[PDB]
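Two separate entries follow, structure 1 and structure 2, each one form of the same protein chain as structure tokens.
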Structure 1
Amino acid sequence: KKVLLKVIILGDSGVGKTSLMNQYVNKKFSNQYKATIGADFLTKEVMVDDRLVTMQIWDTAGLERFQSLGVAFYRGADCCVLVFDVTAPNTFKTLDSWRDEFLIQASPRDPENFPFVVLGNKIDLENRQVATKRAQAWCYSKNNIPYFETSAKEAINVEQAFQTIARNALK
């Protein structure tokens, strides 16, 4: 039987949230950058221990700071995707802000076990600025959030991030 999951992608502007979503669903990438304006979605069918999941993936304007969207949007959510840019340490220091802002607006009853995934995006580029150990430690401190280093450009670990939040939400 069909199961809907709504997935929110959060993070600073330019970290690659649109790129990651388009790579997951459309499987393509564009080096040209054009800022996301409000919140909007793409939908794709995935599957999890032989049960079909309709996954509604939402893109948020990073410049908008997760602020004036609907309760209908905030409380509809079942998964949160936190994205930072490994070549940009400020995008990492804002993770606590994005996760706190999600937990305030989305307000899950069981935040500890809410399906989060953290993506250090853009590892295809050299000149990393954020140490892997440091992101691992941050993700661990928030009761062991699953951590992936990803590239929407080279399609590295996008499937793993989405599968992880899908499985853990279906629990």
Structure 2
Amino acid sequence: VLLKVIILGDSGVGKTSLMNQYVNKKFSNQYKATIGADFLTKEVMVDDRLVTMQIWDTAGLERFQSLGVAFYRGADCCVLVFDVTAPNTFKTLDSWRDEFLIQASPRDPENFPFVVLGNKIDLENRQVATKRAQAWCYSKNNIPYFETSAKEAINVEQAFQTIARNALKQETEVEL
């Protein structure tokens, strides 16, 4: 069993760091804009069963154009990361889901697993309220919400275990 996970969201919200923190329990404060989509692999186990996640982080800046996104296909789960301190990236959440459902194109797109990460809860200029983001995810077919910090390992292991769990469910169905 192999799961494909795709991490989306505006530049500098913490996609490369949440994935470095989860896969390698590492974190460096030096920012390094990711220019092309690439992946890491973590093996986890659910119920005696060995499963392997393939986690893709993206270039949230503006190295989209002329370059395609065929790697969305077969996505078993999609992760949307916003910055709790920059309220604009929470606004562009709709934009990222809507485009992903158009490029990956799963059967039944509104029962497709999304997981929303509010990153950087360790900083003190937090603008987006938890009960505001919790409501937005309740709007979109009840999708999980995690306030996380790649810096301090806050709810990171929680989030990517939910992503694994939800992907695992999604993968076993379009085999049906």
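Shifts are known only where both forms have a C-alpha. Structure 1 provides the reference sequence; residues are numbered from 1 along it. Rigid core: the largest C-alpha set superposing within 1.5 Å between the two forms.
**Q** After the core is overlaid between structure 1 and structure 2, has the C-alpha of residue 58 moved by 2 angstroms or more?
**A** Comparing the forms between structure 1 and structure 2, which are aligned on their rigid core, residue 58 does not shift its C-alpha by 2 Å or more.
**Q** Residue 139: with the rigid core matched between structure 1 and structure 2, does its Cα shift 2 Å or more?
**A** The answer is no, as the C-alpha of residue 139 shifts between structure 1 and structure 2 by less than 2 Å after core alignment.
**Q** Taking the rigid core as reference, does the Cα of residue 130 move 2 Å or more between structure 1 and structure 2?
**A** The answer is no; the displacement is under 2 Å.
**Q** Taking the rigid core as fixed, quantify in angstrom how much the C-alpha of residue 110 shifts between structure 1 and structure 2.
**A** Spelling it out: core superposed, C-alpha of residue 110 shifted, distance 2.0 Å.
**Q** Cα shift of residue 36 between structure 1 and structure 2 after core superposition, in Å?
**A** That residue's C-alpha sits 0.3 Å away in the other form.
**Q** Can you give the CA shift of residue 68 between structure 1 and structure 2, in Å, with the two forms fit on their core?
**A** C-alpha displacement of residue 68 between structure 1 and structure 2: 5.7 Å.
**Q** Determine the segments between structure 1 and structure 2 made of three or more consecutive residues whose Cα atoms all move at least 2 Å, using the rigid core for the superposition and only residues common to both forms.
**A** Run moving 2 Å or more: only 64-72.
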